[PDB]
């Protein structure tokens, strides 16, 4: 029993994302034209994409019930699948990467390559959750998704940092890269521990809360820190 546990994890972020959007409009309204202003735009779009994700889940548009396959801890049982989360990450995670790439001033060759890997990660993660014929294919898609994640992590952890040191944004970039790497690693852990994976935690409402908490930090806190710094150091960024 937990329709309320599940629904509260969703409404709470519709409220938080909405508040973040207002706060960010306030914070960036006077930012100078150019690169600084572009990052402000990305910072606004991260919570807007997040609200779309939560509305898809609350409305029922992007949620369905799926039956787990033989071998799964819940084999032959119906599980609620919030596939709308996995689908929407294909738009919000590239926006986070866009914000970070604009900040580090990376060449779009690198930005395009990282967003491509990131989309591969999200598409294969969705496939992992939607696959029901055999347990093997669910984990095979999860593994491929991890492989795409490594490509993204390698870029944060290395190439992109090179670009930041040269744009005069190494310090803020180091803070945001570490926060991103740490929080992003939490999504596949939640997936593997919850109903979709090993089912060590069998509550979909609990797992939904785990993702909602990760979102608050990976998206809203992330974006506030980034936007506050850019507003306070706009000459460096336009430069």
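Numbering follows the first chain given and starts at 1.
Mean temperature factor over C-alpha atoms, higher-scoring stretch between 175 to 183 and 200 to 208: Higher mean C-alpha B-factor in the PDB entry: 200 to 208.
Higher-B stretch (mean Cα B-factor, as the entry records it), 122 to 130 or 78 to 86: Per the deposited B-factors, the answer is 78 to 86.
Most elevated Cα B-factor in the entry, residues 69, 36, 47, 60: Highest CA B-factor of the listed options: 36.
Most elevated Cα B-factor in the entry, residues 97, 164, 116, 150: Max CA B-factor in the entry, restricted to 97, 164, 116, 150: 164.
Residue 103 CA temperature factor, ranked by third within the chain: Highest third of the chain for residue 103's C-alpha B-factor.
For residue 27, the third of its chain into which the C-alpha B factor falls: Within its chain, residue 27 is a highest-third residue by C-alpha B-factor, going by the deposited values.
Residue 111 - Cα temperature factor, lowest/middle/highest third of chain: For residue 111, whose C-alpha B-factor we compare with every modelled residue in the chain, the answer is the highest third.
Among modelled residues of the same chain, the CA temperature factor third for residue 73: For residue 73, the deposited C-alpha B-factor lands in the middle third.
Chain thirds of CA B-factor: placement of residue 51: Lowest third of the chain for residue 51's C-alpha B-factor.
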